[PDB]
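>>> Sequence first, structure after; it's an experimental one.
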Amino acid sequence: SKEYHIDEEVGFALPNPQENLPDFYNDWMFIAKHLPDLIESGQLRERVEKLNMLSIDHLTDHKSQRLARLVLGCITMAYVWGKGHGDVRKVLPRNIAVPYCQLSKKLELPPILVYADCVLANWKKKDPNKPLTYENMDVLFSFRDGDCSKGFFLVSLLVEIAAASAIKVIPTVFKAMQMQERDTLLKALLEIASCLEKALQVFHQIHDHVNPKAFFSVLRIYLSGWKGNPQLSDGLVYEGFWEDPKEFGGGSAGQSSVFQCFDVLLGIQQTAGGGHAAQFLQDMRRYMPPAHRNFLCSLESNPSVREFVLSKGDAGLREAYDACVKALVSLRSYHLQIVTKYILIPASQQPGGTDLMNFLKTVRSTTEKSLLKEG
Ligand code: HEM
Ligand SMILES: c1ccc(-c2cnc[nH]2)cc1
């Protein structure tokens with residue numbers, strides 16, 4: 001279980017992320033902490049081009065390597081996208097590309113900013129004795145003033161944390177199936193449903209902290225990657241590390257282990273078949289920390305909860321199972337309504353969307369298809 005790097009309180013999020021690196025990395029830190037100013041005044045690219053190549057050896061534990069990935073990922077997005085108006089750099093200068101690629105190799109993550117960087121490791125409490133609540137929290141790194149990165153990253157994190165309450169019930173579910181403990185199983189499924197239902201109320205905060213225009217025209221640009229992307233159609237050159245340009249997708253909650261883990265738990269076969277949705281979410285597991293992709297693989301290998309419940313002729317168990325599935329459907333329906341507000345409407349107002357909505361609707365429909373009763 002410890003091999004899976006799951007926290008009792010914060011689940012897949014990194015507990016108490018580190019905020020400072022060794023003084024040896026001050027040159028990186030200085031750029032990452034001043035991105036909005038450096039990007040806006042046109043100083044960011046020259047500063048990156050001027051860095052000396054720093055060795056990754058003095059980053060000696062997981063938390064410091066994770067902070068360094070966050071730093072280097074944010075700087076890389078700023079260097080590639082610049083001021084976010086379509087002037088793009090196609091080559092990442094060796095003095096940053098090399099350590100970023102070596103550090104990424106060591107962490108078994110791709111050399112692009114991922115969800116586990118900009119959400120799961122990108123946070124702090126304001127006051128260490130107050131709860132994990134939005135008002136008591138902040139992000140460590142933003143891209144531009146007004147980009148709403150705080151509201152976007154933290155609300156994602158707060159959903160991620162609410163879902164965590166359900167993760168610790170998972171071994172109860174499997175124990176109860178194998179021990180033939182019907183009441184324990186039912187109580188465990190109801191508890192999972194309850195937490196997933198709570199996570200939905202958390203998502204409502206998106207409307208308070210994120211504004212559609214800033215999201216659509218700024219933050220979305222900085223989180224974009226270079227896979228299937230016409231602005232960088234062969235991907236990015238990581239100078240001095242690979243000879244040929246490489247394609248990696250940009251930051252995506254398709255990379256969240258929370259939602260992928262409940263679909264697997266419940267037998268929702270989100271990654272089955274050869275369709276586009278299934279392959280994208282399968283591919284995103286490559287963008288998750290290895291301990292969390294290990295967790296998902298081990299869930300896949302357990303007896304099927306859905307098969308257990310379907311074979312008992314037990315209405316209580318069916319209804320509890322269905323409450324879990326329904327909770328995921330309600331989350332995904334609410335999320336679709338967010339996407340209409342934050343992407344479809346802004347894109348209509350500026351002087352594509354259907355493929356996005358069709359991906360999301362495929363995943364919601366696959367979830368709905370798992371209901372045992374029409375729920
Ligand atoms: C402004 C708010 C948001 C917008 C515009 C938005 C947009 C999108 C888009 C475009 C995708 C498709 C995948 C991709 O392009 O990378 C997606 C997928 C997804 N988003 Fe969001 N999102 C928002 C907030 C959230 C939050 C707060 C969460 C909670 C962690 C979340 C969880 C998901 C999940 C899990 C997927 C994968 C599909 C699924 O499992 O249903 N999103 N989102
Ligand atoms: C950081 C935080 C959230 C996201 C996201 C939300 N929905 C899809 N991706 C991507 C990066």
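Perfect, I can see it now. Numbers count the residues shown, from 1 in each chain. Ligands and ions are numbered 1, 2, ... in the order given.

>>> now the residue nearest in space to the middle of the chain: how far from residue 253?
By C-alpha atoms, centre = their mean, the chain has its centre lying nearest to residue 115, at 3.2 Å. Per C-beta to C-beta, to the nearest Å, residue 115 is found 6 Å from residue 253. All C-beta atoms are positioned from the backbone trio N, CA, C, and that covers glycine.

>>> Can you check which residues contact both of those two?
Here residue 115 and residue 253 share the contacting residues residue 156, scored by C-beta atoms under 8 Å, 6 or more residues apart in numbering.

>>> Which residues of this protein lie near ligand 1?
155-156, 159-160, 203, 206, 210, 215, 252-254, 256, 259, 332, 335, 338-339, 342-343, 356, 359, 363 (C-beta under 6 Å from any ligand atom).

>>> Take those residues and keep only those in helices.
Under the assignment DSSP state H, the residues of the chain next to ligand 1 contribute 155-156, 159-160, 203, 206, 259, 332, 335, 338-339, 356, 359, 363 to helices.

>>> Those: which ones sit near ligand 2?
Checking those against ligand 2 (C-beta under 6 Å from any ligand atom), the matches are residue 156.

>>> Looking at the ones in helices among the residues of the chain next to ligand 1, which is nearest ligand 2?
Taking C-beta to the nearest ligand atom as the measure, ligand 2 sits nearest to residue 156 out of those, at 4.0 Å.

>>> Please tell me I have it right and the closest one contacts residue 119.
Yes. Taking C-beta atoms under 8 Å as the definition, residue 156 is a contact partner of residue 119 at 4.8 Å.

>>> Neighbour count for these two, which is higher?
For residue 156 versus residue 119, neighbours defined as other C-beta atoms under 10 Å are more numerous around residue 119 (27 against 22).

>>> Distance of that one relative to residue 168?
Residue 119 is 20 Å from residue 168, by C-beta to C-beta.

>>> Name the SS class of the residue sitting furthest away from the middle of the chain, please.
No residue in the chain sits farther from the centre than residue 313, which is 37.8 Å out by C-alpha atoms, centre = their mean. On the three-state scheme (DSSP: H, G, I helix; E, B strand; the rest coil), residue 313 is labelled coil.

>>> On the C-terminal side of the helix or strand hosting residue 152, identify the next helix or strand.
Counting by DSSP states H and E, the element that carries residue 152 is helix 149-167. As assigned by DSSP H and E, the chain's next helix or strand after helix 149-167 is helix 170-178.

>>> chain center to that following helix, what's the gap?
Remark: helix 170-178 is offset 27 Å from the chain centroid, using C-alpha atoms, centre = their mean, to the nearest Å.

>>> Next: stretch 235-247.
With C-alpha atoms, centre = their mean, you get 24 Å for stretch 235-247.

>>> Identify all contacting residues around it.
Against stretch 235-247 from outside (C-beta under 8 Å, 6+ apart): 80, 90-94, 97-98, 100-102, 111, 225-229, 232, 234, 248.

>>> start to end distance for it?
End-to-end span of stretch 235-247 (C-alpha to C-alpha, to the nearest Å): 4 Å.
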